[PDB]
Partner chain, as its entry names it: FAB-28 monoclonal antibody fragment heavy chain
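First comes one chain, alone, set out as structure tokens in the form deposited without its partner chain.
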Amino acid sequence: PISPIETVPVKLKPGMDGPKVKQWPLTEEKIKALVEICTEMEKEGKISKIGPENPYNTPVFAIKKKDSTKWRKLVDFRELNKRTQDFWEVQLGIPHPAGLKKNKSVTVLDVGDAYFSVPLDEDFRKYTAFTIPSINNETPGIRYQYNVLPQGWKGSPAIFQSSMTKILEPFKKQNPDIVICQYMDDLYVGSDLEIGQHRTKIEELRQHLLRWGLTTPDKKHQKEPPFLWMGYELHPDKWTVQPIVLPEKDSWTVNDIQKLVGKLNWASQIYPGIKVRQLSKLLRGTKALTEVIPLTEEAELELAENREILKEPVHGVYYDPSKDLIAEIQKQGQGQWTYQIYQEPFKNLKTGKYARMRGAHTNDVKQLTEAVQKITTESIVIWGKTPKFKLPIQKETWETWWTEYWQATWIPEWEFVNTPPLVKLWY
């Protein structure tokens, strides 16, 4: 509900104590970044300094929300998040826009600003405590705590939630074709309009949100233009499924046949509809691997038709919303990275692919980081929930770099899976 210039009493879970998560050492430049940021936040009455009667502390990084001349503070309120939960007691009870993953254009506007206008309950403030590190331990660390709803805390949208609709209502009223579902910090405005127009509806909104006060910085490069490209205009309709496909041929060797058998024998864990023996006899006897063997008449069928058994999903179209959504990622060939997202082993709710080309996007880490943000953002669009990653990167390296090329304003949860030497075969 709305409380006018008054406080809204938040709290924690059953037996739950504030977070005591350790701060990670940053570089000299992320330090000063934050120092400039926070000092000003301090002057604007947003945050405040804290004595030692506060054992609490949640992590923080300095990423470039956008790689502009301007840096940005990114608080990692994950753990703080788990430990609080009294909210779905929200006024609405609608699930996630099952059609949003369907629209033509899904632009992502981030209203994290707003939040800094609501006072946090003096009582709960303490759990928001963060610490700006100090190079090489010379100084205790700098310590502030929030006085307003903090971005990323999975509870500020909920407080604010009422003011949202109250604002959105009009735009939604008139523009009733467009879907507007929000997640964590940003909104997800969708529609089937032809680009040129969509963009404006987004822009009308922006100008609307901004009209009432709720600032939006999410401005695309220019004023009001005409020629098309790839930005944060997610196009849900076009992102499709990169299936597991078999090769085509006029020179298949015994190895060739072999690998094939191996691969289909695997797919039978997903699509048990597969068959192979009539493609397994071709190898009867111990022949060279290089030997070339004509793909037989009765054989040529299997391969051919298994190539259709794959183009059709399995018995797992079922997403239990209260089960964890997991994502895996194999670093294929080069430049390319493939993925999957299941909730249960071998029944992927989706299998995609990521890639780019070494320009400034030179290394593995920035690639992976992007393939992550990518898979995550998709996921929020589809189930409105980020998956748990199983990144194929030594944690150290991931932990020292993961920030460098990050731009989102959420932190999924990851883990470091350590090895895929066959699953790499195009999952």
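Positions refer to the first chain, counted from 1.
Checked against the record, the higher mean CA B factor of 252 to 260 and 292 to 300 lies with 292 to 300. The mean Cα B-factor in the deposited entry runs higher for 261 to 269 than for the other of 71 to 79 and 261 to 269.
Ranking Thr131, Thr216, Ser134, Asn348 by the C-alpha B-factor listed in the PDB entry places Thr216 at the top. Residues shown: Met230, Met184, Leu325, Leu168. Highest C-alpha temperature factor in the entry: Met230. Among the modelled residues of its chain, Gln207 has a C-alpha B-factor that falls in the middle third, as given in the PDB entry. Among the modelled residues of its chain, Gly51 has a C-alpha B-factor that falls in the middle third according to the deposited record. Placement of the Cα temperature factor of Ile63 within the chain: middle third of the modelled residues, per the deposited record. In the PDB entry, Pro243 places in the highest third of its chain by CA B-factor.
Per the deposited record, the Cα B-factor of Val179 falls in the middle third when ranked against the other modelled residues of its chain.
A second form of this protein, the form deposited with its partner chain bound, is not displayed here; the remarks below concern that form.
At the 4.5 Å threshold, heavy atoms of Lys223 reach its partner chain in the bound PDB entry. Contact check for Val245: every heavy atom lies farther than 4.5 Å from its partner chain in the bound PDB entry. Using a 4.5 angstroms threshold between heavy atoms, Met230 counts as touching its partner chain in the bound PDB entry. At a distance threshold of 4.5 angstroms between non-hydrogen atoms, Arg72 is out of contact with its partner chain in the bound PDB entry. Partner contact region in the bound PDB entry: 215 to 223, out of 215 to 223, 150 to 158, 164 to 172, 305 to 313, criterion any non-hydrogen atom within 4.5 Å of its partner chain. Interface residue among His96, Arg199, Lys82, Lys104 relative to its partner chain in the bound PDB entry, by the heavy atom within 4.5 Å criterion: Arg199.
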